Amino acid sequence: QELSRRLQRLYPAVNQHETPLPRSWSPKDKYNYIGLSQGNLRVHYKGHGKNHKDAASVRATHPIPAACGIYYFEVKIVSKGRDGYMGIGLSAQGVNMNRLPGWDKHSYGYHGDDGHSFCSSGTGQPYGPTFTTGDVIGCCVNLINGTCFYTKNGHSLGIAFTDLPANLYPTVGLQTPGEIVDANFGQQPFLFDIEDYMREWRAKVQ
């Protein structure tokens with residue numbers, strides 16, 4: 001399997017038997033307005049999406065193991081759908097899936113339509129560019145420091161969150177009809193050179 005070899009390469013300190021890595025979205029752990037396809041890697045919004053009370057998220061199958069040191073995943077925007085109310089980020093296991101990532105306690109999100117970050121809060125802060133159909137958004141979590149930065153189309157955007165709690169799950173949320181996103185948990189090469197980033201972080205850490 002190219003997948004297991006890739007993941008062993010990226011995260012050699014991880015005991016995938018004690019703490020398996022997220023490899024796809026959970027077929028269970030999602031709100032009913034979310035549909036899945038393509039081996040649980042594609043996420044479709046299928047609610048009415050009238051307003052933010054129709055937001056809907058999905059969590060990956062497992063939380064990010066601490067021993068990753070630095071973890072990384074990428075999401076491609078297949079379609080913005082109607083409004084592109086799409087959130088990408090991290091959620092703890094108890095987080096309500098009837099919300100976009102970042103709105104609730106222990107939830108962290110970067111949203112496409114405003115480019116704002118949401119740090120366990122219903123109110124966004126200016127963070128990055130907007131994103132839409134065709135864009136690739138990555139999420140890089142530093143488990144050692146408890147920090148997270150995002151990437152857009154291969155380019156890093158700076159730390160969005162600090163003081164992150166342990167055991168967070170990769171999460172995406174959608175809101176409007178037509179919204180579709182694809183996830184890469186390591187199945188294929190990332191746009192962002194994450195291995196080189198890990199070398200640079202070790203090189204520059206103070």
# chains A, B, ... in the order shown; residues from 1 in each chain; ligands from 1
$ closest_atom_pairs --of "segment 87-176 of chain A" --to "segment 48-54 of chain A" --cutoff "10 Å" --atoms "only C-alpha atoms" --output "tab-separated table"
residue	atom	partner	partner_atom	distance
A:98	CA	A:54	CA	6.9
A:99	CA	A:53	CA	7.2
A:100	CA	A:52	CA	8.3
A:174	CA	A:49	CA	8.8
A:175	CA	A:49	CA	5.2
A:176	CA	A:49	CA	4.6
$ write_last_selection --atoms "C-alpha atoms" --output "short mmCIF file (atom, residue, chain, number, x, y, z; two decimals), in the first residue's frame"
data_model
loop_
_atom_site.label_atom_id
_atom_site.label_comp_id
_atom_site.auth_asym_id
_atom_site.auth_seq_id
_atom_site.Cartn_x
_atom_site.Cartn_y
_atom_site.Cartn_z
CA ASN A 98 -24.51 20.86 13.25
CA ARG A 99 -21.97 23.68 12.98
CA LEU A 100 -19.05 24.76 10.81
CA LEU A 174 -20.32 22.75 4.52
CA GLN A 175 -23.52 24.81 4.36
CA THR A 176 -24.97 25.38 0.88
#
$ residues_around --residues "residue 190 of chain A" --least-positions-apart "5" --cutoff "10 Å" --atoms "only C-alpha atoms" --output "list in words"
residues 72, 73, 74, 75, 136, 138, 153, 154, 184, 185 and 195 of chain A
$ write_last_selection --atoms "N, CA, C and O atoms" --output "CSV table (one decimal), in the first residue's frame"
chain,number,residue,atom,x,y,z
A,72,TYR,N,-0.4,16.9,8.9
A,72,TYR,CA,-0.8,17.7,7.8
A,72,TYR,C,-1.9,17.0,6.9
A,72,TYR,O,-1.7,15.8,6.6
A,73,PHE,N,-2.9,17.8,6.6
A,73,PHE,CA,-3.8,17.3,5.6
A,73,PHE,C,-4.3,18.3,4.6
A,73,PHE,O,-4.1,19.5,4.9
A,74,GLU,N,-4.8,17.9,3.4
A,74,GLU,CA,-5.2,18.9,2.4
A,74,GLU,C,-6.6,18.6,1.9
A,74,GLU,O,-7.0,17.5,1.8
A,75,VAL,N,-7.3,19.7,1.6
A,75,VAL,CA,-8.7,19.6,1.1
A,75,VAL,C,-8.8,20.4,-0.2
A,75,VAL,O,-8.4,21.5,-0.3
A,136,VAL,N,-6.8,24.5,-3.2
A,136,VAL,CA,-6.4,23.5,-2.2
A,136,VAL,C,-6.1,24.2,-0.9
A,136,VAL,O,-5.2,25.1,-0.9
A,138,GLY,N,-4.7,23.5,2.9
A,138,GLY,CA,-4.0,22.6,3.8
A,138,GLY,C,-4.1,23.0,5.2
A,138,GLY,O,-4.3,24.2,5.5
A,153,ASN,N,-3.1,26.7,-1.8
A,153,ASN,CA,-2.5,26.3,-3.0
A,153,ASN,C,-1.0,26.2,-2.9
A,153,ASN,O,-0.2,26.7,-3.8
A,154,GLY,N,-0.5,25.6,-1.8
A,154,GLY,CA,0.9,25.3,-1.6
A,154,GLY,C,1.6,26.3,-0.8
A,154,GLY,O,2.8,26.2,-0.6
A,184,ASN,N,-7.2,14.9,1.2
A,184,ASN,CA,-6.0,14.1,1.0
A,184,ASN,C,-5.4,13.9,2.4
A,184,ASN,O,-5.0,14.9,3.0
A,185,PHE,N,-5.4,12.7,2.9
A,185,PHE,CA,-4.8,12.4,4.2
A,185,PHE,C,-3.5,11.8,4.1
A,185,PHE,O,-2.9,11.3,5.1
A,195,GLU,N,7.3,17.5,4.2
A,195,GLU,CA,8.5,16.9,4.7
A,195,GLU,C,9.6,18.0,4.8
A,195,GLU,O,10.4,18.1,5.8
$ closest_residue --among "A:183, A:198, A:203, A:7" --to "residue 39 of chain A" --atoms "only C-alpha atoms"
A:183
$ atom_distance --atom1 "atom CA of residue 134 of chain A" --atom2 "atom CA of residue 76 of chain A"
6.7 Å
$ select_by_dssp --residues "segment 107-200 of chain A" --states "strand (DSSP E or B)" --output "PyMOL selection string"
chain A and resi 107-111+116-119+125-126+136-142+147-152+155-161+169-174+179-184
$ write_last_selection --atoms "N, CA and C atoms" --output "compact mmCIF listing (two decimals), in the first residue's frame"
# COMPACT_ATOMS: atom_id res chain seq x y z
N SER A 107 -13.24 23.73 18.94
CA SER A 107 -13.34 23.62 17.47
C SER A 107 -12.60 24.78 16.84
N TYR A 108 -11.97 24.53 15.69
CA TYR A 108 -11.06 25.47 15.04
C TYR A 108 -11.32 25.42 13.54
N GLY A 109 -11.49 26.58 12.91
CA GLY A 109 -11.88 26.60 11.51
C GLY A 109 -11.32 27.75 10.71
N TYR A 110 -11.16 27.55 9.40
CA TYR A 110 -10.81 28.61 8.46
C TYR A 110 -11.89 28.55 7.38
N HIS A 111 -12.60 29.65 7.16
CA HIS A 111 -13.76 29.62 6.28
C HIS A 111 -13.50 30.29 4.93
N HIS A 116 -11.80 34.16 7.14
CA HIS A 116 -11.55 34.36 8.57
C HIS A 116 -11.23 33.06 9.31
N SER A 117 -10.54 33.18 10.43
CA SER A 117 -10.32 32.03 11.31
C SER A 117 -11.31 32.09 12.46
N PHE A 118 -11.68 30.92 12.98
CA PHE A 118 -12.62 30.81 14.09
C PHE A 118 -11.98 29.92 15.14
N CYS A 119 -11.66 30.54 16.27
CA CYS A 119 -10.90 29.90 17.32
C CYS A 119 -11.83 29.66 18.50
N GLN A 125 -12.02 36.11 12.97
CA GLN A 125 -10.97 37.11 12.93
C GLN A 125 -10.33 37.06 11.56
N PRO A 126 -9.95 38.22 11.03
CA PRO A 126 -9.23 38.28 9.76
C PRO A 126 -8.02 37.37 9.82
N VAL A 136 -6.83 24.55 -3.16
CA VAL A 136 -6.41 23.49 -2.24
C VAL A 136 -6.06 24.15 -0.91
N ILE A 137 -6.71 23.73 0.17
CA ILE A 137 -6.44 24.30 1.48
C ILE A 137 -5.83 23.24 2.37
N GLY A 138 -4.65 23.52 2.90
CA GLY A 138 -4.03 22.57 3.80
C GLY A 138 -4.12 23.04 5.23
N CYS A 139 -3.99 22.08 6.15
CA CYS A 139 -4.05 22.34 7.57
C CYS A 139 -2.89 21.61 8.22
N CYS A 140 -1.98 22.41 8.77
CA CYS A 140 -0.77 21.91 9.40
C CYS A 140 -0.79 22.11 10.92
N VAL A 141 -0.80 21.00 11.65
CA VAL A 141 -0.89 21.03 13.10
C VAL A 141 0.43 20.66 13.76
N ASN A 142 0.97 21.56 14.56
CA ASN A 142 2.14 21.23 15.33
C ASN A 142 1.75 20.67 16.71
N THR A 147 0.03 24.28 18.04
CA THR A 147 -0.29 25.37 17.12
C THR A 147 -0.76 24.83 15.78
N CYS A 148 -1.36 25.70 14.97
CA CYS A 148 -1.86 25.31 13.65
C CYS A 148 -1.69 26.45 12.67
N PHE A 149 -1.15 26.16 11.49
CA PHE A 149 -1.25 27.10 10.37
C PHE A 149 -1.92 26.45 9.16
N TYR A 150 -2.51 27.27 8.30
CA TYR A 150 -3.10 26.75 7.07
C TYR A 150 -2.25 27.11 5.85
N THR A 151 -2.52 26.42 4.75
CA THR A 151 -1.88 26.73 3.47
C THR A 151 -2.97 26.93 2.41
N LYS A 152 -2.70 27.79 1.43
CA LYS A 152 -3.57 27.92 0.27
C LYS A 152 -2.75 27.69 -0.99
N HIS A 155 0.94 27.38 -0.40
CA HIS A 155 1.59 28.48 0.32
C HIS A 155 1.02 28.71 1.70
N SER A 156 1.91 28.77 2.68
CA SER A 156 1.53 28.91 4.09
C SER A 156 1.05 30.30 4.42
N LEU A 157 0.16 30.37 5.40
CA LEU A 157 -0.57 31.59 5.71
C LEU A 157 -0.32 32.08 7.13
N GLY A 158 0.58 31.41 7.85
CA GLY A 158 0.87 31.80 9.21
C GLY A 158 0.02 31.11 10.26
N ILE A 159 0.50 31.10 11.50
CA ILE A 159 -0.23 30.49 12.61
C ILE A 159 -1.61 31.12 12.78
N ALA A 160 -2.64 30.28 12.81
CA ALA A 160 -4.01 30.72 13.08
C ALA A 160 -4.40 30.52 14.53
N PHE A 161 -3.99 29.39 15.11
CA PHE A 161 -4.40 29.04 16.47
C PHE A 161 -3.21 28.59 17.29
N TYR A 169 -9.57 16.09 15.83
CA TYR A 169 -9.87 15.40 14.59
C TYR A 169 -9.86 16.39 13.42
N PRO A 170 -9.27 15.99 12.28
CA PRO A 170 -9.51 16.75 11.05
C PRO A 170 -11.02 16.82 10.81
N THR A 171 -11.50 17.97 10.37
CA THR A 171 -12.93 18.19 10.20
C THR A 171 -13.18 19.12 9.04
N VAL A 172 -14.20 18.82 8.25
CA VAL A 172 -14.67 19.84 7.31
C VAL A 172 -16.16 20.07 7.49
N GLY A 173 -16.61 21.28 7.21
CA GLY A 173 -18.03 21.60 7.31
C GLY A 173 -18.49 22.35 6.07
N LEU A 174 -19.75 22.14 5.71
CA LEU A 174 -20.32 22.75 4.52
C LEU A 174 -21.70 23.30 4.90
N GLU A 179 -22.04 22.27 -2.58
CA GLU A 179 -20.68 22.28 -2.03
C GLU A 179 -20.10 20.87 -1.96
N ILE A 180 -18.89 20.72 -2.50
CA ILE A 180 -18.22 19.42 -2.55
C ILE A 180 -16.73 19.65 -2.33
N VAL A 181 -16.14 18.86 -1.43
CA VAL A 181 -14.69 18.95 -1.20
C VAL A 181 -14.06 17.56 -1.14
N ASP A 182 -12.80 17.45 -1.57
CA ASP A 182 -12.06 16.19 -1.51
C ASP A 182 -10.92 16.32 -0.51
N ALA A 183 -10.65 15.26 0.23
CA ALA A 183 -9.60 15.28 1.25
C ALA A 183 -8.43 14.41 0.83
N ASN A 184 -7.23 14.87 1.19
CA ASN A 184 -6.03 14.08 1.02
C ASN A 184 -5.41 13.94 2.40
$ select_by_dssp --residues "segment 28-129 of chain A" --states "helix (DSSP H, G or I)" --output "list in words"
residues 52, 53, 54, 66, 67 and 68 of chain A
$ closest_residue --among "A:124, A:22, A:84, A:27" --to "residue 58 of chain A" --atoms "only C-alpha atoms"
A:27
$ closest_residue --among "A:104, A:83, A:200, A:135" --to "residue 45 of chain A" --atoms "only C-alpha atoms"
A:83
